[PDB]
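One chain follows as structure tokens, the form deposited in one PDB entry.
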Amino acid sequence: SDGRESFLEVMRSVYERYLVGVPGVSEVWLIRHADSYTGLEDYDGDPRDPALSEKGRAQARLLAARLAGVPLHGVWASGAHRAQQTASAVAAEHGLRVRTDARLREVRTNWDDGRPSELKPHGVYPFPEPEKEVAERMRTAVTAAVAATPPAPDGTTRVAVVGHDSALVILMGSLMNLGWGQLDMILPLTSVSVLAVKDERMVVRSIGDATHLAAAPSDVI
């Protein structure tokens, strides 16, 4: 009667389907690296592996401060300098060593292949590395980072993973059985997206949050 018990039981079941209120769940905080594109036209190093810009260092500082109070049990990054440098800022607040996994690299691009870049229409896949290959290597890398992180003393075990926009979007789309273009988003620099992980299950919990930049100066956002 009254329909309240039915409502509450369904609410609980829905939460549990998305790993909310479920014991044994870990978190993966997928982080896009900070800016390395400001000044890239005049960069005097390898332009496909730049250091962070001045803007990027400021973003990484704000991100590191945001995550300083968050329980963090490991930090992983692709091998790119921009990801390493963003990851090092996060990790230094927690005394953690940054681990590298090449499977976290950005999708191969036209530029990597020595071809002109092209702006594609919405829904048209723009990269020479197939989407399925990106999704597989990204998922394997995240699973491995979780497995390499030991259970937190109390509460949720949490690993930060610093990667690259398109590979991170492909991963999160693929976890929802969606193809490139459906989850139609560019992840902000230094944004945080959260996966909830238990056993073979990876749930997309949140996507793209760079709200630590909201109060920042105009030359930083």
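Don't overthink the numbering: it's just position in the shown sequence, from 1. The term rigid core refers to the maximal set of C-alpha atoms that superpose within 1.5 Å between the two forms.
In what follows, reference is made to the form deposited in another entry, a form of this protein that is not presented.
- With the core fitted between the shown form and the other one, just one of 51, 183, 40, 152 shows a Cα displacement of at least 2 Å, namely 40.
- A displacement of less than 2 angstroms separates the C-alpha positions of residue 139 between the shown form and the other one, with the rigid core held in common.
- With the core held fixed, the Cα of residue 97 is displaced between the shown form and the other one by less than 2 Å.
- After superposing the rigid core, the C-alpha of residue 81 moves by less than 2 Å between the shown form and the other one.
- Wider separation of the C-alpha atoms of residue 83 and residue 111, by 3 angstroms or more, is seen in the other form than in the present form.
- Relative to this form, the distance between the C-alpha atoms of residue 134 and residue 116 is reduced by at least 3 angstroms in the other form.
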